[PDB]
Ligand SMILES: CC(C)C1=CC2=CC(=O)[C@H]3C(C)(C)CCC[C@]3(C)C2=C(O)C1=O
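Here you get one chain, nothing else, as structure tokens; it is the form deposited without the named molecule.
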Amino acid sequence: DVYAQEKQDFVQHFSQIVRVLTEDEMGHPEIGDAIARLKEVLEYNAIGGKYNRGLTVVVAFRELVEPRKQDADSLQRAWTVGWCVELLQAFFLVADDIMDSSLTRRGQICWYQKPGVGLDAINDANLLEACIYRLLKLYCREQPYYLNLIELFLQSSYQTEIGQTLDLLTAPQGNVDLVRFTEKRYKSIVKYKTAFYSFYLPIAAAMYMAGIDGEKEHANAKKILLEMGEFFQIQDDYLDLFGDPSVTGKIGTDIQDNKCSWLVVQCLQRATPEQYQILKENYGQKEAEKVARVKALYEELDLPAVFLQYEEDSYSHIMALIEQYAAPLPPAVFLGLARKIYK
């Protein structure tokens, strides 16, 4: 709604982002081809998603900053930082698709799977990250929140990288170990690898831009947002298997990749002894026959129904938390985001 009404405006601003990124260096004609590759990397990897994270920066900014202080420059900075969150996303996704050996993303072939690209995508990803800070310097260098934003983007990256490390350590290829797939480990993984950058980061950025830098306020917002992020990742694990790749834009790999997904953890909590052996024998392997076996067992344990139930209970819990912690911020801030990821 508020996201939907802002989407088009947000996207149209992408041309300027690209222009300022592919101009401030073109005064150095020697790197021209590199700059041209950068544009290509940006168009392919920053466009095509839902932009919920970037839009959140924009929406939250408008709801937190008094309209008398929302000048043209002020708004420009807001959707610029919104695009910075979108680039952090792109950066992690490009690397993540390589490390998960994924095939498609956002309804097109993964960048690293594009003939001509391959492992060069590693450097491409690093460039996407560098661009965040180019844009911050360009548009916010003079703002009082400049250092707060820089540290917030860096901190959020470290956290999601710590989370990725957990994600990958818990999922050795060729090493089946159902034993390590617990609730505790799962909660810790998703907290770091998704919850900070996808939910805390955008709202926290808008808070700093609105002059809201108070520690307690940020902690209170974080309380709500991390819990939403946990829900979001669990929903992401569900879609990996039970979602239509025509709508998700991506092919699942979690079972093949031996991941500590929410599905397998829930499967293990409901698994009879015989079922456990079926899981242990077919999990984390590339064979389509064995993956199908795992899915069949998930469906035999009504995990699809268990997810529908979790989603409702979780949503109610998020709402409760918003009632508790939203103040003094507008509740619409969190309600708007929550509405966007519900089901």
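For clarity, a rigid core is taken as the largest C-alpha set superposing within 1.5 Å between two forms. Throughout, we count residues from 1 along the sequence that is shown.
The protein also exists as the form solved in complex with the named molecule; that form is not presented, and the subsequent description refers to it.
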Is it the case that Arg77, even though its partner is missing from this view, gets within 4.5 Å of the named molecule in the bound PDB entry, heavy atoms only?
no
Hey, in the bound PDB entry, is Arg293 touching the named molecule, heavy atoms inside 4.5 Å?
no
Would you classify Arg185 as touching the named molecule in the bound PDB entry, given a 4.5 Å non-hydrogen atom cut-off?
no
Distance check, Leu93 to the named molecule in the bound PDB entry, heavy atom within 4.5 Å:
yes
Options 145-153, 132-140, 101-109, 262-270; stretch whose heavy atom lies within 4.5 Å of the named molecule in the bound PDB entry:
101-109
Honest question, do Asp177, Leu279 and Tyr283 all end up within 4.5 Å of the named molecule in the bound PDB entry by heavy atom distance?
no
Within 214-252, which residues come within 4.5 Å of the named molecule in the bound PDB entry, counting heavy atoms only?
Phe232, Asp236, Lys250
Once you align the rigid core, which of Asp236, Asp124, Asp167, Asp97 turns out to move its Cα at least 2 Å between this form and the one not shown?
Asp236
Post core alignment: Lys259 C-alpha displaced by 2 Å or more between this form and the one not shown
yes
Core superposed first: is there a CA shift of 2 Å or greater at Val294 between this form and the one not shown?
yes
Taking the rigid core as the reference frame, tell me whether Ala305 has a CA displacement of 2 angstroms or more between this form and the one not shown.
yes
